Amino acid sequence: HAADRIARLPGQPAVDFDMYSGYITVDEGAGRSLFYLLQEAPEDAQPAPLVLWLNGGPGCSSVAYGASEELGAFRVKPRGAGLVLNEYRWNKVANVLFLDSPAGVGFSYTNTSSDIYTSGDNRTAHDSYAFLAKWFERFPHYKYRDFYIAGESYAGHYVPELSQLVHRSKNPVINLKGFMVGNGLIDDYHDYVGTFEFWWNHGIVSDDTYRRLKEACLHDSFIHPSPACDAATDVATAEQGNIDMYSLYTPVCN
C-alpha cells in the first residue's frame, strides 16, 4: 500500500494527513481494475473510521465529484491550475475512501470493451465487494475498523446494494456499521410522484405538464422510462428553461 501513497499533487498546498491512490483488479479474467483515492484523517484523530463514498450517474466518478468538488480535501482552482484546501473536508474526522465505479468511470478501466456497454447494478455490486476485500488486504491496518458506506443520487442504488452484499457475506475484517444516502433513489414509483409534486410546487412546470407526467411515467422505472414518459419529460424540460436543476436558486455556469 506504501506504493499507492501520494507525495504531492501538482499545485497542492501543504497538509498534515496522508493520501493514497491506485488500482485494484476485481476481475482478473476481464481485466477490470477500479481506481481509488483515500484521504485520511490527521494522526491525532486516528484511529478514525473508514468511509467509502460513492457518486452516481450511473457513470459518474467519485473522484471528480465527491473528492474534488464536494467533501474531499481539496478544491480545484480555475482552469484546473491547482488546488485549494477545503476547510469542511470530511477527512477532518474520518478516513475517506473515494471509489470510481464502475469500471469505465473516472480512472477505473476494463480490458474487455464490452463491459462498458453491459453495466448493471448487480455486477457493479459484486465488483465493489471484491474491491473491498482486496483493498483490505492491501491496507491490513484497516481491518476491523468501523466502517460506513455512503453516496448520492444513483448511489441510492449502490449503497444499500453493496451494503447488503457486505452484510450477507459475513467477512469479519469488515466492521460495517451503517450507511447514509443523500438525495437518492429509493423507490421508483414514489420518487416519481414526489418528484413531480415538488416541481409543480416550485413553479417549474405548468399544470398540464404535471398532470401529463403523472400519466406518462407512473409505471416506469426511473432509469428506463417509456416513450410516453419521455415525451412528457421533454416538455417539462422546456418549461423549466435554463436553470440549474440541481440547485434551483443558484446560477448556471458560463
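The first residue of the shown sequence is 1; numbering continues from there.
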When mean C-alpha B-factors in the record are compared for 179 to 187 and 76 to 84, the larger belongs to 76 to 84
As the entry reports it, the stretch among 200 to 208 and 31 to 39 with higher mean C-alpha B factor is 31 to 39
Among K143, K92, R138, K170, highest Cα B-factor in the entry goes to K170
Per the deposited entry, the peak Cα B-factor within the set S113, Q164, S108, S119 goes to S113
Chain-relative C-alpha B factor for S61 (record values, thirds): the highest
Quick tally, chain-level thirds of C-alpha B-factors: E239 sits in the lowest
Here the Cα B-factor of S128, set against its chain, lands in the third termed highest
So, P160's CA B-factor, relative to its chain, sits in which third? The middle
Chain-relative C-alpha B factor for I223 (record values, thirds): the highest
